Peer 1: 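This structure is in structure tokens; I'll ask about it shortly.
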Amino acid sequence: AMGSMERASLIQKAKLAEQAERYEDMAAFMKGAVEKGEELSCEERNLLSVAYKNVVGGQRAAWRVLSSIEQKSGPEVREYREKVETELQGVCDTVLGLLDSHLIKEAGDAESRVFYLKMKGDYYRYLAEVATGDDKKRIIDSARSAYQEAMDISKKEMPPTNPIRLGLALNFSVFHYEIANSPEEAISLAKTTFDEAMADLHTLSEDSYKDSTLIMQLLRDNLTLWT
Amino acid sequence: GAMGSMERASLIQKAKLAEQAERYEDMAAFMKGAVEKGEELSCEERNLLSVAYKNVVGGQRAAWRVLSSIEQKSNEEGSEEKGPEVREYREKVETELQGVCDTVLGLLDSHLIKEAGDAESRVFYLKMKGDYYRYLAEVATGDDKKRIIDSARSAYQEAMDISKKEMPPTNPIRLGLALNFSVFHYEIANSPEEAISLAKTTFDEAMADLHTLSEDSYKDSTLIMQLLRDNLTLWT
Amino acid sequence: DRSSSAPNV
Amino acid sequence: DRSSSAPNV
Ligand SMILES: *CC(=O)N1CC[C@@]2(CCN(S(=O)(=O)c3ccc(Br)c(F)c3)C2)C1
Ligand SMILES: *CC(=O)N1CC[C@@]2(CCN(S(=O)(=O)c3ccc(Br)c(F)c3)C2)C1
Ligand SMILES: [Cl-]
Ligand SMILES: [Cl-]
Ligand SMILES: [Mg+2]
Ligand SMILES: [Mg+2]
Ligand SMILES: [Mg+2]
Ligand SMILES: [Mg+2]
Ligand SMILES: [Mg+2]
């Protein structure tokens, strides 16, 4: 049904779904919009991001509850945790599939390239949160590789206080701390990111000020937690 | 998958897990499976069934209201371009909401109402029938609307008749029924006088017997009585 | 402003 | 606490 809808209609319906807090619908509309094969604007990338983040966010929260109950411990909690986990992996695979088939390209601006590579890092990180096999090692390497490529571009092409560069650095620091068991790297990255961002904050455009300062606050909050 | 072959106890346990995970669609599916095992539900299990579907339909009702508001604002603005998308999406959400309501009413009819023994469970299920017809009525527009409203009224009235004969005036289920029937009167049947009269009578008769109410039901019953009062203040 | 129905216990 | 990642803007 999405294939037969016009791109403009899919974007409009994604915005309606957002207002209704119907994030699964919103994600489905944005998936349809991506599949029209045209680039996404900054605004449209935000819609795509919010939709899937909310979907996977609910699944991650549920997984954590069930995993906690399971570890305190019949087969029921294991089975149900596995069910939720499989659904979460399905959503991650869908997003990574879209990134690979449609969104990640050699061309287009640095901002969009960094954004999509960051997102690839994020959804491999969510897969890593529930991974246990030898697949775990591979998943972690995929996350790291995506983040690192994004970092290299952002350092070459983007100011230090750019919101996407900052958001990438924040999430890579979380990867280091929570996934890769590298607290030293997590803290060093977060501290360097914060200082370099603050040093150039006076050059940042006013339209990005709110977003960038929010990320910088989270860098600080994490640093306090980690030290 | 395939809940027919699953242990009833496992379905109940998974419903409780789903509740803790705030996975209400799953929770509802597990409780539907438990009902289909064919045994009566306890008070606790009826609560699980109620919470699950109420949360599911609650989210759909909230979304429908948002979309209906946007649709009407668009239409009344009367602009030559915008309107079709929001209508279509409102219709989609509405169809899903109607599907959940039909599932609940289906369960009540096929498994729960007939097979209920005691008055408490009978009143509870007849109340629930009233409620889910009321939710259908909120989005109904045709001549089907009149029929849906009559189905809600008939369910509520039968529940009321039993509760008056079999249950104390401070009983939580009797109170909950009376509250929701008063809301039906006010919001659905355009009968504010009946809404106010029912709510007022329910409140006074409950308050008159409050000193007899057991401590185990005290919190629930006083909460309903507060909502009766809040509605009365809103309606007058 | 909508009327209040019974909540989840 | 868990570490905080980038929120929805
Ligand atoms: C311009 C563009 O492509 N954007 C702007 C918003 C967004 C959606 C998600 N991000 S992010 O993950 O880089 C990020 C999230 C939160 C915050 Br406060 C932030 F500054 C960046 C980029 C797509
Ligand atoms: C014993 C039994 O069958 N119960 C107890 C709780 C419940 C599920 C919710 N109700 S209700 O809708 O009658 C109701 C809801 C809220 C409140 Br505060 C209340 F007093 C009653 C019956 C199933
Ligand atoms: Cl399961
Ligand atoms: Cl639609
Ligand atoms: Mg087209
Ligand atoms: Mg698994
Ligand atoms: Mg058994
Ligand atoms: Mg106009
Ligand atoms: Mg209709």
Side-chain angles (χ1 to χ4, degrees), chain A residues 14-31 34 40 44-70 80-99 103 115-131 139 143 146-147 163-164 166-168 170-175 177-179 211 214-215 217-219 221-222 225, chain B residues 17-27 55-56 58-60 62-63 66, chain D:
Chain A
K15 292 178 178 168
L16 290 171
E18 189 179 32
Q19 288 173 91
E21 302 182 51
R22 293 271 292 189
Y23 296 116
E24 195 176 298
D25 286 348
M26 181 186 187
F29 292 130
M30 286 311 300
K31 177 172 187 287
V34 168
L40 272 57
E44 293 165 348
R45 287 185 306 246
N46 188 58
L47 296 172
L48 179 74
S49 179
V50 168
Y52 278 109
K53 180 152 177 60
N54 289 155
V55 171
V56 75
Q59 298 171 318
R60 290 167 71 207
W63 188 94
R64 289 163 186 165
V65 164
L66 294 173
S67 182
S68 178
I69 297 167
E70 183 179 13
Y80 184 49
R81 190 267 301 147
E82 285 171 357
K83 184 197 183 200
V84 171
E85 186 173 300
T86 301
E87 192 189 295
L88 183 162
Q89 292 165 330
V91 171
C92 291
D93 290 345
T94 298
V95 171
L96 293 169
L98 277 183
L99 289 168
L103 296 172
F115 171 73
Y116 293 129
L117 285 172
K118 174 188 163 299
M119 188 172 197
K120 186 175 176 176
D122 290 339
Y123 282 79
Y124 273 115
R125 172 159 61 81
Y126 306 149
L127 286 179
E129 284 176 347
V130 308
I139 289 166
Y147 283 133
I164 291 168
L166 284 174
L168 165 65
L170 175 64
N171 287 8
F172 197 17
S173 73
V174 170
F175 168 80
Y177 197 81
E178 297 286 354
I179 304 298
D211 292 345
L214 177 52
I215 301 298
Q217 182 64 54
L218 295 175
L219 288 170
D221 292 348
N222 282 348
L225 179 70
Chain B
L17 291 172
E19 189 180 26
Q20 289 174 87
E22 302 176 51
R23 293 271 289 190
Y24 297 116
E25 195 170 297
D26 287 351
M27 180 186 188
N55 288 340
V56 172
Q60 297 172 319
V66 166
Chain D
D1 294 6
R2 281 178 186 287
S3 310
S4 301
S5 65
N8 298 128
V9 35

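Quick note: numbers below take in every heavy atom, side chains included, and nothing from hydrogens, waters or symmetry partners. Order of the sequence lines sets the chain letters (A, B, ...), proteins ahead of strands, with each chain counted from 1.
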Peer 1: Tell me whether A:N222 contacts the main-chain N or O of D:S3 through its side chain, where contact means a donor paired with an acceptor under 3.5 Å.
Peer 2: no
Peer 1: Check A:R125 with A:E178, please: is the shortest side-chain N to carboxylate O separation under 4.0 Å?
Peer 2: no
Peer 1: Hey, could you give me the NZ/CE distance between A:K15 and A:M26, rounded to the nearest 0.5 Å?
Peer 2: 10.0 Å
Peer 1: Quick one: closest heavy-atom pair of B:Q20 and A:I69, and the distance?
Peer 2: OE1-CD1, 3.5 Å
Peer 1: What's the shortest heavy-atom distance between A:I139 and A:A128, and which atoms?
Peer 2: CG2-N, 3.6 Å
Peer 1: So, taking the atom named CD in A:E18 and the one named OH in A:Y23, what distance separates them when rounded to the nearest 0.5 Å?
Peer 2: 6.5 Å
Peer 1: Tell me whether the count of non-hydrogen atoms from other residues, nucleotides or ligands lying under 6.0 Å of NZ in A:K31 goes above 12.
Peer 2: no
Peer 1: Just verifying a value: how many Å separate A:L66 CG and B:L17 CG, rounded to the nearest 0.5 Å?
Peer 2: 6.0 Å
Peer 1: Can you find a pair of side-chain heavy atoms, one from D:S5 and one from A:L218, that are under 4.5 Å apart?
Peer 2: no
Peer 1: Could you tell me whether the side chain of A:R45 and the main chain of A:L40 form a donor-acceptor pair under 3.5 Å?
Peer 2: yes
Peer 1: Would you check if A:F115 and A:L168 make a side-chain contact, meaning some heavy-atom pair closer than 4.5 Å?
Peer 2: no
Peer 1: Can you check side chain to side chain contact (heavy atoms under 4.5 Å, CB included) on A:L103 and A:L48, steps first, answer last?
Peer 2: CA-CA 11 Å; A:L103 296 172; A:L48 179 74; 3.8 Å; yes
Peer 1: Using every non-hydrogen atom in the two residues, find where A:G121 and A:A146 come nearest and quote the distance to one decimal.
Peer 2: N-CB, 3.6 Å
Peer 1: For B:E25, does the CD atom have more than 12 heavy-atom neighbours from other residues, nucleotides or ligands under 6.0 Å away?
Peer 2: no
Peer 1: Please report the shortest heavy-atom distance between D:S4 and A:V174, naming the atom on each side.
Peer 2: O-CG2, 3.4 Å
Peer 1: Taking only residues two or more places apart in sequence or in another chain, which ones pass ring-ring contact (aromatic ring centres under 6.0 Å, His included) with A:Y52?
Peer 2: none
Peer 1: State, yes or no, whether a side-chain contact exists between A:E87 and A:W63 at a heavy-atom distance under 4.5 Å.
Peer 2: no
Peer 1: Does some side-chain heavy atom of A:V95 sit less than 4.5 Å from a side-chain heavy atom of A:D122?
Peer 2: no
Peer 1: Rounded to the nearest 0.5 Å, what's the gap from OH on A:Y126 to CD1 on A:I179? Could you check?
Peer 2: 10.0 Å
Peer 1: A:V56 versus A:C92: any side-chain heavy-atom pair under 4.5 Å?
Peer 2: yes
Peer 1: Okay, side chain of A:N171, backbone of D:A6: is any donor-acceptor separation there less than 3.5 Å?
Peer 2: yes
Peer 1: Does some side-chain heavy atom of A:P163 sit less than 4.5 Å from a side-chain heavy atom of D:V9?
Peer 2: no
Peer 1: Find the distance between CZ (A:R60) and CZ (A:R64) and round it off to the nearest 0.5 Å.
Peer 2: 4.5 Å
Peer 1: Could you tell me if A:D93 and A:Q89 have a donor-acceptor pair between their side chains, going purely by distance under 3.5 Å?
Peer 2: no
Peer 1: Can you sort out the partners of A:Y80 under ring-ring contact (aromatic ring centres under 6.0 Å, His included), two or more places apart, ordered by chain and number?
Peer 2: B:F30
Peer 1: Would you give the length of the straight line joining atom CG of A:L225 to atom CG of A:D221, rounded to the nearest 0.5 angstrom?
Peer 2: 9.0 Å
Peer 1: Would you say A:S68's side chain and A:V65's backbone share a donor-acceptor pair under 3.5 angstrom?
Peer 2: no
Peer 1: Please find the pair of heavy atoms, one from A:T94 and one from A:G90, that lie closest to each other, and give the distance.
Peer 2: OG1-O, 2.9 Å
Peer 1: Using the test salt bridge (charged side-chain N to carboxylate O under 4.0 Å, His left out), find all partners of A:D25 that sit at least two apart in sequence or belong to another chain.
Peer 2: A:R22
